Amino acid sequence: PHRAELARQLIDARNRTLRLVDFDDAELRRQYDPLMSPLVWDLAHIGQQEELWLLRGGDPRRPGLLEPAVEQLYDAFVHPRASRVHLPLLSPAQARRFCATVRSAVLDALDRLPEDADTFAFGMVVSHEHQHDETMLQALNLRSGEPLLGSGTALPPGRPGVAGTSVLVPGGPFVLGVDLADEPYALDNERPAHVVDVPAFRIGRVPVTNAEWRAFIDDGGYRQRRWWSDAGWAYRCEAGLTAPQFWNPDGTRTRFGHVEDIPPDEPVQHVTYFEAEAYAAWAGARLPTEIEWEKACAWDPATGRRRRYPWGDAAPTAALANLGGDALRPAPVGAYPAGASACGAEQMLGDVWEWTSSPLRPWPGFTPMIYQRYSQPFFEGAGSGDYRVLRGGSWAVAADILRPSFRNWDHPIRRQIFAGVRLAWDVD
């Protein structure tokens, strides 16, 4: 954009990272849960990736500041999450120094770029850092002990008449995905824009709420195999799933270490894919595909055009959506009437990542970005296991890095992510 805007975005992302590691060294070296890296791992990994993509042209053979064997400690493919706490990692002080040295060079490089030069990698790195910021928040939410973070900033109230209800998404062709001409920092798996015919379906006006989930529990939803897939039931049994994560036996939840009542009208959060599909079956519904989800979010059947955001082309604001990390929770359903998509689906962007039934797959004409291993290894059948796509972002996602076309994904057994559920239905 303006190089000044990119600098602003990089600085904002780093400010966020540094808030998330503004704790004593022992905290940053802890493993909060075997699913998660120590925070000091993400810190150095953020710098290493910034250096690689912005200072080294994505070519590991070009020299970097770290010995290659030290650099490789931050290769997520080489080192499983649980192992990272035991690796001979850079100290927090070393990691901060490294990140700052890299950043000084990156800001200089951005100054020196020729006019009209391509800046894609800079936006890709902003996205990368913010996504690790959300990972670090997942870790801090898993941490046992007295809270390190506050309970979150104020959110708007919800309103009646939206929970449980659905909106119609009329059938026909729509444009899935985006091109760089329209979204200059869209990641490779969002491209290219192409037409898909999506039959009529209905989608939830708002996500499934906590009170609705409690009804599933109360009716024996976790005790009735018929709602679950074979794999989902097996996992429910193996893992002993009886409620969303962080829901306590006494009816409270624990959120960033804060014990509190469970708000009835918030979107349910911290459920697996398997739980989501079981709830949906029990409720008389199903999960959306990600293609259905994106049509509900972005398509305006009155103009036969995509919108940039569900509400139109205005930049996200606190009045339109719950984004950016400060709330530490999703908002009550109905809190953002002005953020509705053309079909009336609300809170599509922000609040909770929403599970879909789609595996990650390339759009026709997919081509990888400079970080070639960002999407490709996780496509269906690529050999990294089973994934399902999640859409829309959560409360933790930076507005700068989110689009209707953005695709998250995870293994269906994961629920430490800030994920919930929106229902869908066939139309006859």
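Heads up: residue numbers just count along the shown sequence, starting at 1.
For the two regions 29 to 37 and 55 to 63, the entry's Cα B-factors average higher over 55 to 63. As recorded in the PDB entry, 70 to 78 is the stretch of 70 to 78 and 349 to 357 with the greater mean C-alpha temperature factor. Across the options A281, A331, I203, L107, the residue with the most elevated CA B-factor in the record is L107.
Comparing C-alpha B-factors across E129, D188, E292, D230 in the deposited entry, the largest value falls on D230.
Ranked by Cα temperature factor within the chain, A7 sits in the highest third according to the deposited record. When the modelled residues of the chain are ordered by their C-alpha B factor, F120 lands in the highest third. In the PDB entry, a CA B factor belonging to the highest third of its chain's modelled residues is recorded for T252.
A382: CA B factor lies in the highest third for its chain, per the PDB record. In this PDB entry, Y235 carries a Cα temperature factor that places it within the highest third of its chain's modelled residues.
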